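Naming: A, B, ... by sequence-line order, numbering from 1 per chain. Hydrogens, waters and symmetry mates play no part in the numbers below; they use all other heavy atoms, side chains included.
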Amino acid sequence: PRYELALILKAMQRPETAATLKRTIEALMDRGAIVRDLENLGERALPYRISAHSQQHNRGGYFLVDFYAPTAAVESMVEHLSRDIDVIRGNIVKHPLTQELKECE
Amino acid sequence: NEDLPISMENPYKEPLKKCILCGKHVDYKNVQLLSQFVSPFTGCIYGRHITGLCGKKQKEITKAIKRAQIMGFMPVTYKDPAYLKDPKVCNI
Amino acid sequence: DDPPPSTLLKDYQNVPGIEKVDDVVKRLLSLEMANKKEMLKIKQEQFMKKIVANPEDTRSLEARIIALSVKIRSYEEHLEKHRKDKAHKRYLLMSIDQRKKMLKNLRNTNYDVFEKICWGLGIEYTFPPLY
Amino acid sequence: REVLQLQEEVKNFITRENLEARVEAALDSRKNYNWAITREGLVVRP
RNA sequence: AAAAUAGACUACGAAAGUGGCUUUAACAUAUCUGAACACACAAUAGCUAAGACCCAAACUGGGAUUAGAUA
Ligand code: FES
Ligand SMILES: [Mg+2]
Ligand SMILES: [Mg+2]
């Protein structure tokens, strides 16, 4: 179905951020995804200190990757995000736009 | 005789008031809107007696707040200071 | 056997011009990128074409039997993985019971359709124990 | 209508060809999903 | 490990029960009554085997206390 990957990447210089974005999108396409858009929400201070890969982070870059993936892909992608060292936190959700507005009148 | 009363629903009934968020999409990434429903000093979520939302949108706001908190978009123990000056929509 | 992953969804199969379309949109509109419920709908549609006389009439007893049969197949596939799911165990056992009830009613009312159903879905009708 | 909308949308998807260019363009752009609501139920754009 | 706010809500589940987030499966049935004996569950006692043991703790020891100590 349609998924959104909310990605919190390590506060890095532009070449390395580009490399990590290319790597993660390549993984998405390798697991059978069709990536639709890539949006940068910006670099910002984390709401709280996050410990990942034996390193404490207080700042991070926020990105959104919209895509369509086969259902079995999601779990695999999660594992891959668990191994990539430049990702503080990746979460895959069903895309909010698919959930259609309820008729509360 | 035309003057007899006719059967109808009570016309003098005020149509049910719509909550401020009715017809609007509540997204976990919209931290500004979600911060308009937490305590500035503790970060606790307000109830419908304070927010005034219909229970369905209350549930949406609750789930969105937890999703944002666990996905690293929103602080949990306090309201983000950047959003302390947004319009106050809570009756507290 | 399941439908091929390349088969279009039930709702995107009669739309005009679906054969003049790019490969990517075909993938987006296929069973490869949908949850299991569309695949079950496709199975149901195939069985309705293969068995019943009027595939569009869904309120008939044969249609209900086919629907319950695809649901039962789904429950068995689910329980093959979640061996300790007692709720879905209950649902499977119940669904088998009501399919037996529907088969009994169909046998008592329409024997030709009963034979066609039993052949098409591979159902072996068995008479209940006396004690 | 859904199919035609997808006909037009699938053109602007991130393929493996325009991957790097779109990555750089995303790094050169910022999007904002924050808006505020008033007691009058009006969206206050940031 | 177990889930403060929401919850002034009363929804889901056959019942017991379920209230941290994401994803995947997924929530029988178009009349009703009908089981000790059929199939699934569920709870309540009491013992039996092995296992863990932070913490608490009937029993069992030890210390302090009136003038049969504080049960
Ligand atoms: S009446 Fe519109 S959200 Fe409840
Ligand atoms: Mg009965
Ligand atoms: Mg002890």
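At the heavy-atom level, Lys37(C) lies under 4.0 Å from the strands shown only through sugar-phosphate atoms. If you check every strand for non-hydrogen atoms under 4.0 Å, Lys63(B) touches sugar and phosphate atoms only. Among the protein residues, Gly47(B) comes within range of the sugar-phosphate backbone only, with heavy atoms under 4.0 Å from sugar or phosphate atoms but none that close to a base. Here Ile61(B) lies out of heavy-atom contact (under 4.0 Å) with every strand. Among the protein residues, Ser74(C) comes within range of the sugar-phosphate backbone only, with heavy atoms under 4.0 Å from sugar or phosphate atoms but none that close to a base. Heavy atoms of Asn35(C) sit under 4.0 angstrom from primed sugar atoms or phosphate atoms, though from no base atom. Contact annotation for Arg99(C): no contact, since no heavy-atom pair falls under 4.0 Å across all strands. In this structure, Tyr131(C) reaches neither bases nor backbone, as no heavy-atom distance under 4.0 Å exists between it and the strands shown. Among the protein residues, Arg90(C) comes within range of the nucleic acid bases, having at least one heavy atom under 4.0 Å from a base atom. Heavy atoms of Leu40(C) sit under 4.0 angstrom from primed sugar atoms or phosphate atoms, though from no base atom. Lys36(C) comes within 4.0 angstrom of sugar-phosphate atoms only, judged by non-hydrogen atoms across all strands, and of no base.
Checking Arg59(C) against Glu77(C), the closest nucleotide of RNA chain E that is more toward the 5' end is the one next to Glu77(C). Summary of the strand contacts: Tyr46(B) and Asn91(A) both lie near RNA chain E, and taking for each the nucleotide with the nearest heavy atom, the more 5' one is attributed to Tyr46(B).
Stacking between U29(E) and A30(E) does not hold, since their six-membered rings do not have both centres below 5.5 angstrom apart and planes below 30 degrees. Base stacking between strand neighbours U33(E) and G34(E) is detected by the criterion of six-membered ring centres within less than 5.5 Å and interplanar angle below 30°. When the rule of centres under 5.5 Å and planes under 30° is applied to the neighbouring bases of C53(E) and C54(E), their six-membered rings do not qualify as stacked. With a 5.5 Å centre cut-off and a 30° plane cut-off, the bases of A35(E) and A36(E) come out unstacked. Judged by ring centres under 5.5 angstrom and plane angles under 30°, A42(E) stacks onto its neighbour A43(E).
Put simply, the side chain of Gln98(C) and the base of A28(E) share a donor and an acceptor less than 3.5 Å apart.
Phosphate proximity of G20(E) to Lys66(B): absent, as no side-chain N or O sits under 4.0 Å from OP1 or OP2. In this structure, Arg48(B) does not reach the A6(E) phosphate: none of its side-chain N or O atoms is under 4.0 Å from OP1 or OP2. Put simply, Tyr75(C) has a side-chain N or O that comes within less than 4.0 Å of OP1 or OP2 on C27(E). For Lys71(C), a side-chain nitrogen or oxygen approaches OP1 or OP2 of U29(E) to under 4.0 Å. Considering only side-chain N and O atoms, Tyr3(A) lies under 4.0 angstrom from the phosphate OP1 or OP2 of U24(E). Distances shown here put every side-chain N or O of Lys94(A) at or beyond 4.0 Å from the OP1 or OP2 atom of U22(E).
Residues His78(C) and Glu76(C) have side chains that never bring a donor and an acceptor to within less than 3.5 angstrom of each other. Side-chain N/O atoms of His82(C) and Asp85(C) include no donor and acceptor closer than 3.5 Å. Defined by atom type and a distance below 3.5 Å, a donor-acceptor pair is missing between the side-chain atoms of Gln36(B) and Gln32(B). No donor-acceptor contact under 3.5 angstrom links the side chains of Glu32(C) and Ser6(C), judged on distance only. Side chains of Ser76(A) and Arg31(A): a donor on one and an acceptor on the other come within 3.5 Å.
For residues 51-75 of chain A, proximity to RNA chain E is found at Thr71(A), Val74(A), defined as any non-hydrogen atom under 4.0 angstrom from a strand atom.
Nucleotides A45(E) and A52(E) are separated by 27 Å at their P atoms, to the nearest Å. Going from the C1' atom of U23(E) to that of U48(E) covers 44 Å, rounded to whole Å. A16(E) and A40(E) have their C1' atoms separated by 14 Å, with the value rounded to a whole Å. When the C1' atom is used for both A30(E) and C41(E), the distance is 27 Å, rounded to whole Å.
For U33(E), the torsion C1'-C2'-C3'-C4' is above zero, which places the sugar in the north, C3'-endo range. At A67(E) the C1'-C2'-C3'-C4' dihedral is negative, so the sugar adopts a south, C2'-endo-type conformation. The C1'-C2'-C3'-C4' dihedral of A11(E) is positive. Its furanose therefore counts as north. Sugar pucker annotation for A35(E): south, assigned from a negative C1'-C2'-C3'-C4' dihedral. Going by the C1'-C2'-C3'-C4' torsion, the sugar of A64(E) sits on the north side, since that angle is positive.
Counting heavy-atom neighbours within 6.0 Å of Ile85(A) CD1, excluding the residue itself, gives a total of 12 or less.
Residues satisfying the side-chain contact (heavy atoms from CB on, under 4.5 Å) test with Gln56(A), not counting sequence neighbours, are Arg49(A), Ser51(A).
Secondary structure note: stems in RNA chain E built from 3 or more consecutive Watson-Crick or G-U wobble pairs under 3.5 Å do not occur.
A cation-pi contact, defined as under 6.0 Å to the ring centre and within 45° of the axis, links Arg44(A) to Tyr62(A). By the 6.0 Å and 45° rule, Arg67(B) stacks over the aromatic ring of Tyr28(B).
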TODO: With side chain to side chain contact (heavy atoms under 4.5 Å, CB included) as the test, would you mind laying out the steps for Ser35(B) and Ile65(B) before giving the verdict?
DONE: CA-CA 8 Å; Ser35(B) 289; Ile65(B) 284 167; over 6 Å; no
Open item on the list: With side chain to side chain contact (heavy atoms under 4.5 Å, CB included) as the criterion, how do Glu26(A) and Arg16(D) come out once you've worked through the C-alpha distance, each side chain's angles and the decisive distance to 0.1 Å?
Closed with: CA-CA 8 Å; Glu26(A) 174 272 308; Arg16(D) 183 177 292 171; 5.5 Å; no
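A salt bridge links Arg14(A) with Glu24(D): the distance from a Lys NZ or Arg NE/NH1/NH2 to an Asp or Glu carboxylate oxygen falls below 4.0 Å.
In the set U22(E), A30(E), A28(E), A30(E) carries the atom at the smallest distance from any side-chain atom of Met102(C).
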